[PDB]
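Next up: a single chain in structure tokens, the form deposited without the named molecule.
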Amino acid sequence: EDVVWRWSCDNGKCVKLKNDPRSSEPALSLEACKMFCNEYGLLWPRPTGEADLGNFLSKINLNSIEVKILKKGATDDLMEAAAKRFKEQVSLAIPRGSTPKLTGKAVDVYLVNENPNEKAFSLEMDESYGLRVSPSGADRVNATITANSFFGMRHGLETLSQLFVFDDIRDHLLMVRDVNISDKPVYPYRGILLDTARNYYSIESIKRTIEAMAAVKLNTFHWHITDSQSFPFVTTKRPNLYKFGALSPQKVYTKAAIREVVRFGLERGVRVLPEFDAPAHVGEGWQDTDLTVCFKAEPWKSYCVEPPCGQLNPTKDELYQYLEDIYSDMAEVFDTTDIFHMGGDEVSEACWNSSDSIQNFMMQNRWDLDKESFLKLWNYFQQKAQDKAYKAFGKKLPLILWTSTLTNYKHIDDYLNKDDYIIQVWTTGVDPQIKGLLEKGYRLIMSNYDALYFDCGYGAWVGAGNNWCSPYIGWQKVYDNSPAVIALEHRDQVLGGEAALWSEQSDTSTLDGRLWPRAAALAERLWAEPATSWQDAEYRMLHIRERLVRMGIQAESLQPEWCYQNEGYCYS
């Protein structure tokens, strides 16, 4: 039947009131009230420059939206695909099973790409855009997006699609009448790390993730594609790695599958960045090569962070022929990435010290087993691995490693340099290492485990109780975690941040809930770096969740829907 309520803006809150028949005042639907009652309406993330939404809405004919590309170039296929995708994005305003009346104004969307040949990902890429909406003649609307690149342009199409509201009282599709928006991201790297080796993720679910990412202007999918537990990456040059390493023959990522994901990402402004974690976090797949040590070592607690144990043996020269092949196969299909992630997860010293061949190698090279020594070995490995990586990608490109014993700012310069290596940070924002690194000129990606480890909070997967980094991190906590606060003056060295979904307790089935809507909080934090806190974003956060659900994302629930319909009554 019929919606019986209406909403009215009062002190920044949409108040639910009965829609009494004996009134000369036109009733506002919930979303229509929200669009103007809220500082930023229904936008997520909120823009950084001009945020002028005006005061009024106009009724729109859903069938009379036409997109026009004004400057042609090398990104024609991308712009054309992005344009075709736009009506789908608009239809997200309409709840499922509801149908809008096909009446109202016609919409002309004008796409102005000022450098139509650019399609490369880079930390220096221009993601800026200008959005202007205004009436055109008597029966139409002029929506004009102006951007320095395709990437800024498709961001603009995303923001534009958010300026449509469905009036479920009247069954009208509406649109903000007078818009002036100018927008650019604070940070160039806005990412999600997806571990697809601790458990497998269907490529369908990976694509779905990219869709949700594009919806909130996240631009980097970090594909942690290998680890101790499995090797799903299809390497044509070393096929036994995935034949022996995959969880099953179907649980693999073929060249065709990866090319699909990479293209799907590109179309949506998402860089697909591969990781080969080494020399720790290796195991399954390497059987019969004699290139690992400690695989399945027992008791595991003595040799590694989590079962199964296993590490590369850096004293075998054949190892680097394998790596060269793995990296080359990666470079072939991950062909949009401008960066390579090489892991650098904490190496076990006990694991390396328990191998004869390694101990013999260190005797001949004048190194003792004192642990300045084992750091020497790790550096020896990384240097050789690095060399292979460059050969594989056919150029010097930036490389990422995690904060670890190797990347301790005190000695980091012995090994790496700040121009060649970006450091991904898992430590808390108040850890000394961050200041130490930033002073030495290093660039950072923030993944502090107290605010950005999206796996935290669930039951133990070894023994009983809860998992190691519990409690569960609410979106409030991810929203307030500010790299600018963490880095201070050195904030230009912060490239951005990344929500990490480690997968010992996540797979295809849990992926939507794990990431959404929490990764949206990161999305806004990194796009806008607002000085305001989470409570000022709360109402819009509740709307973005509903939007993901409309997309078919099984997003986590934040609050009773009653709270969304009754702003201000749910507080503490």
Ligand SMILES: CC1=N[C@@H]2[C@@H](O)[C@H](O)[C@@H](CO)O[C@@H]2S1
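One-based numbering along the sequence shown.
Participant: Output the stretch having the higher mean C-alpha B factor in the entry; the candidates are 217-225 and 436-444.
Facilitator: Taking the mean C-alpha B-factor of 217-225 and of 436-444, the larger value falls to 436-444.
Participant: Give the stretch, out of 231-239 and 173-181, with the larger mean C-alpha temperature factor in the deposited entry.
Facilitator: 173-181 has the higher mean C-alpha B-factor.
Participant: Among the candidates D413, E158, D277, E332, give the one with the maximum CA B-factor reported in the record.
Facilitator: By C-alpha B-factor in the record, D413 ranks first.
Participant: From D450, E267, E306, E88, pick the one with the largest CA B-factor in the entry?
Facilitator: Across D450, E267, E306, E88, the entry lists the biggest C-alpha B-factor for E88.
Participant: Taking the entry's C-alpha B-factors for this chain, is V165 in the lowest, middle or highest third?
Facilitator: Answer is middle: the recorded C-alpha B-factor places it there.
Participant: Among the modelled residues of its chain, does the C-alpha B-factor of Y253 lie in the lowest, middle or highest third?
Facilitator: Its C-alpha B-factor, which the entry lists for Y253, ranks in the lowest third among residues of this chain.
Participant: Classify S202 as lowest, middle or highest third according to the C-alpha B-factor given in the PDB entry, relative to its own chain.
Facilitator: Tercile = lowest for this residue's CA B-factor.
Participant: Based on the deposited C-alpha B factors for this chain, I'd like to know if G457 is in the lowest, middle or highest third.
Facilitator: It belongs to the lowest third of the chain when residues are ordered by C-alpha B-factor.
Participant: Among the chain's modelled residues, which third holds the C-alpha B-factor of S557?
Facilitator: Its C-alpha B-factor, which the entry lists for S557, ranks in the lowest third among residues of this chain.
Beyond the structure shown, there is the form deposited with the named molecule bound, which is absent from this document and is the topic of what follows.
Participant: State the residue from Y442, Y242, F393, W402 whose non-hydrogen atoms include one within 4.5 Å of the named molecule in the deposited bound form.
Facilitator: Spelling it out, the residue with a heavy atom inside the cut-off is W402.
Participant: Consider the chain as shown here, without its partner, and state which of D167, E158, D455, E324 has a heavy atom within 4.5 Å of the named molecule in the deposited bound form.
Facilitator: Flagged contact: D455.
Participant: So, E504 and the named molecule: in the deposited bound form, are they within 4.5 Å at any heavy atom pair?
Facilitator: Within the cut-off, so yes.
Participant: Any of the heavy atoms of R198 lying within 4.5 Å of the named molecule in the deposited bound form?
Facilitator: The answer is yes: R198 has a heavy atom within 4.5 Å of the named molecule.
Participant: Report yes if any heavy atom of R271 sits within 4.5 Å of a heavy atom of the named molecule in the deposited bound form; otherwise report no.
Facilitator: So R271 does not count as contacting the named molecule.
Participant: Check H281 for me: does it contact the named molecule in the deposited bound form (non-hydrogen atoms, 4.5 angstroms)?
Facilitator: Output for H281 is yes: heavy atoms within 4.5 Å of the named molecule.
Participant: Please state whether every one of the three residues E211, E260 and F334 places a non-hydrogen atom within 4.5 angstroms of the named molecule in the deposited bound form.
Facilitator: No, none of the three is in contact.
Participant: If contact means any heavy atom within 4.5 Å, which of 285-293, 168-176, 82-90, 342-350 contacts the named molecule in the deposited bound form?
Facilitator: Contact-bearing stretch, as computed: 342-350.
Participant: From first to last in sequence, which residues of 409-430 have any non-hydrogen atom within 4.5 angstroms of the named molecule in the deposited bound form?
Facilitator: If the 4.5 Å heavy-atom criterion is applied to the named molecule in the deposited bound form, 409-430 yields only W426.
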